[PDB]
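With the entry's author numbering applied, the sequence shown corresponds to residues 75 to 155, 160 to 232, in that order.
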Amino acid sequence: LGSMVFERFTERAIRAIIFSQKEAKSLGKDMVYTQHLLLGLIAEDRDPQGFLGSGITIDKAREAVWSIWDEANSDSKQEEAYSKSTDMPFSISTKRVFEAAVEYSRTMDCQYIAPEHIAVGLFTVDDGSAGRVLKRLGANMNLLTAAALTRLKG
């Protein structure tokens with residue numbers, strides 16, 4: 075995407091990002107926080123074995139998210155202050175993740191930022207939101223990070 079901020083992001087990565095916006099909107103949100111990004115990544119991944127081969131699926135992930143943030147008290151950490163769904167802004171935590179993804183990709187001497195780089199970012203530099211969802215799903219976040227790194231090897 076030439077001389078865009080997302081120029082080096084792959085087609086898959088961009089799709090996951092757009093999906094994060096859609097997922098957030100479905101939940102009645104006006105900004106994409108990191109749990110939403112997690113949803114976008116899950117929605118995007120076409121692995122037949124589920125997200126990062128984990129058996130996680132989007133419907134289950136969506137239930138978890140709704141439950142955690144919407145069925146009881148709201149999250150004090152997510153009150154940061160759009161005419162179509164792809165104009166929905168990203169939270170400071172989410173932006174941090176994207177920056178981490180870029181950094182990791184550069185460190186690895188990769189030409190692109192893939193969803194896997196975003197996942198590594200998500201699972202290393204976020205506000206704890208992704209972890210809460212994974213915990214609810216019974217998943218091990220560090221194993222998922224490893225799986226993402228494994229994918230990037232080919």
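Yeah, the Cβ is synthetic: ideal placement off N, Cα and C, and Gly gets one too.
Review point. Ordered along the chain, which non-local residues of its own chain (more than five positions away) have a Cβ less than 6 Å from that of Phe125?
Key: Indexing the sequence shown from 1 puts residue 125 at position 51. Only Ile116, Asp119 meet the Cβ criterion.
Review point. Under the DSSP definition of a beta bridge, which residues are partnered with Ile191?
Key: As a first step, residue 191 must be located in the sequence shown, where it is residue number 113. DSSP output for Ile191 lists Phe83 as bridge partner(s).
Practice item. Would you please state the rounded distance, in angstroms, between the beta carbons of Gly76 and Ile91? I believe it to be under 8 Å. Key: Start at 1 with the first residue of the sequence shown, and residue 76 comes out as number 2. Start at 1 with the first residue of the sequence shown, and residue 91 comes out as number 17. Not quite, the Cβ-Cβ distance comes to about 17 Å (not below 8 Å), so this is no contact.
Review point. Anyone know if the C-beta pair for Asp205 and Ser171 falls short of 8 Å?
Key: In the sequence shown, the residue the question calls residue 205 occupies position 127. In the sequence shown, the residue the question calls residue 171 occupies position 93. The Cβ atoms of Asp205 and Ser171 sit closer than 8 Å to each other.
**Study point:** Candidates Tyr182, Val203, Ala225, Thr84: closest to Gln109 by CA position
**Key:** In the sequence shown, the residue the question calls residue 109 occupies position 35. Distances from the CA of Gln109 to each of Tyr182, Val203, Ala225, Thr84 were compared; the closest alpha carbon is that of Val203.
Practice item. Can you give me the start and stop residues for the alpha helix (DSSP H) that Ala225 sits inside? Key: Locating residue 225 in the sequence shown gives position 147, counting from the first residue. Per DSSP, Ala225 is one residue of the alpha helix (DSSP H) stretching across 219 to 231.
Review point. With distances taken from CA atoms, which of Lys103, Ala192, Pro122 is nearest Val175?
Key: What you label residue 175 is simply residue 97 of the sequence shown in a count that begins at 1. By alpha-carbon distance to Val175, the top candidate from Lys103, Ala192, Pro122 is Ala192.
Practice item. Measure how close the beta-carbons of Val211 and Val139 come, nearest whole angstrom, since I'm counting them as under 8 Å. Key: Taking the first residue of the sequence shown as 1, we reach residue 211 at position 133. Taking the first residue of the sequence shown as 1, we reach residue 139 at position 65. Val211 to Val139, Cβ: 6 Å. Contact.
Exercise for review: Can you grab the Cα-Cα spacing for the pair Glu85 / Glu153, in whole Å?
Suggested key: Locating residue 85 in the sequence shown gives position 11, counting from the first residue. Locating residue 153 in the sequence shown gives position 79, counting from the first residue. Taking the straight line from one Cα to the other gives about 30 Å.
Point to revise | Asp149 - containing alpha helix (DSSP H), residue span | key: Taking the first residue of the sequence shown as 1, we reach residue 149 at position 75. Per DSSP, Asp149 is not a residue of any alpha helix (DSSP H), being assigned neither H nor E.
Practice item. Pick out whichever of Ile142, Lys96, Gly127 has its Cα sitting closest to the Cα of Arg214. Key: To locate residue 214, count along the sequence shown from 1; it is residue 136. Nearest Cα to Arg214 within the set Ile142, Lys96, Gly127: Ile142.
Review point. Along the chain, where does the alpha helix (DSSP H) that runs through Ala155 open and close?
Key: If you number the sequence shown from 1, residue 155 lands on position 81. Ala155: not part of any alpha helix (DSSP H); DSSP gives it neither H nor E.
Check your understanding: With 16 as the cutoff for other CB atoms within 10 Å, does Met78 come out buried or exposed?
Key -> For the purposes of this step, residue 78 is taken as the residue at position 4 of the sequence shown. Residue environment: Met78 is assigned as exposed (fewer than 16 neighbouring CB atoms within 10 Å of its CB, all protein chains considered).
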